[PDB]
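Listed here are the chains, written in short residue letters.
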Amino acid sequence: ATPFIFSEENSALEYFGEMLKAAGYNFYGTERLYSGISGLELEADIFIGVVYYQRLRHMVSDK
Amino acid sequence: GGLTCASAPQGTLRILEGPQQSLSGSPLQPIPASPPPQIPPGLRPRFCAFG
């Protein structure tokens, strides 16, 4: 994920979409989610992935 | 040894080293560009849907 390694010719979304297509997933990162409250398949096509989160030290116990 | 004042000089020679430029003026030698990211070979669908 180094910056400036993807140009406009070889896009990043084209690259990682071809990776997801090779894995048998959607090219655009979305999946068919269902509703856990309703049981029904949601009409939209929901973008899901793996993002690396950080926990900041600002807690409500100190505030 | 009277040390009289002589005439004005005609000109000036000036000796100094010259650099060698047989090396430079060549075609440039840049750092080679890193390759764009290419998809790995042998990517298969590992996940099959349940049931």
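As documented in the archive entry, the model was determined using cryo-EM at 2.7 Å resolution.

Structural notes on the overall build of chain A
Helix and strand counts for chain A come out as one helix and two strands. For chain A, the N- to C-terminal ordering of α and β elements is α-β-β. Since a compact globule built from 63 residues should have a radius of gyration of about 11 Å, the 18 Å found for chain A marks it as more spread out than a globular shape. Counting only C-alpha atoms, chain A reaches 50 × 40 × 20 Å along its principal axes. When the 63 residues of chain A are sorted by exposure, 8% land in the buried category. Long-range contacts, defined here as pairs at least 24 residues apart, represent 0% of the contacts in chain A between residues at least 6 apart. A total of about 6100 Å² of accessible surface is found on chain A, and carbon and sulfur atoms cover 58% of it. Of the side-chain charges in chain A, 5 are positive and 9 negative, and the distance between the mean point of each set is 16 Å.

Focus: the interface of chain B and chain A
Each partner contributes residues to the interface: chain B has nine residues there, and chain A has 10 residues. With both sides pooled, the region where chain B packs onto chain A buries about 700 Å², and carbon together with sulfur makes up 73% of that total. If you sort the residues of chain B by the area they bury against chain A, B:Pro37, B:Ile39 and B:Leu43 come out on top, with a joint share of 55%. On the surface where chain B and chain A come into contact, there are zero salt bridges.

Section: a nonpolar patch on the surface
A cluster of nonpolar side chains, A:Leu20, A:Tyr25 and B:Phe47, forms an exposed patch at the surface whose accessible area comes to about 290 Å². Of note, A:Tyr25 is situated in the loop between α1 (12-22) and β1 (30-31). By relative accessible area, A:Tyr25 is classed as partly exposed at 40%.

Calculation rules
- Residues numbered from 1 in each chain as written, not as in the entry; some residues may be left out.
- Chains lettered and ligands numbered in written order.
- Part of a larger assembly, values for the part shown.
- Heavy atoms only, no water.
- Helix = DSSP H or I, 4+ residues; strand = E, 2+ residues; numbered from the N terminus.
- Rg over C-alpha atoms; globule rule 2.2 N^0.38 Å.
- Buried < 20%, exposed > 50% of the residue type's maximum accessible area, 1.4 Å probe, protein only.
- Contact = heavy atoms within 4.5 Å.
- Areas by Shrake-Rupley, 256 points an atom, 1.4 Å probe, with all protein chains shown as cover.
- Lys, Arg positive; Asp, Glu negative; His and termini not counted.
- Charge placed at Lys NZ, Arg CZ, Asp CG, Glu CD.
- Buried area = accessible area lost by both parts, 1.4 Å probe.
- Salt bridge = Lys/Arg side-chain N within 4 Å of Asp/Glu carboxyl O.
- Patch = residues over 30% accessible without salt bridge, like charges linked within 9 Å, V, L, I, M, F, W, Y side chains within 5 Å.

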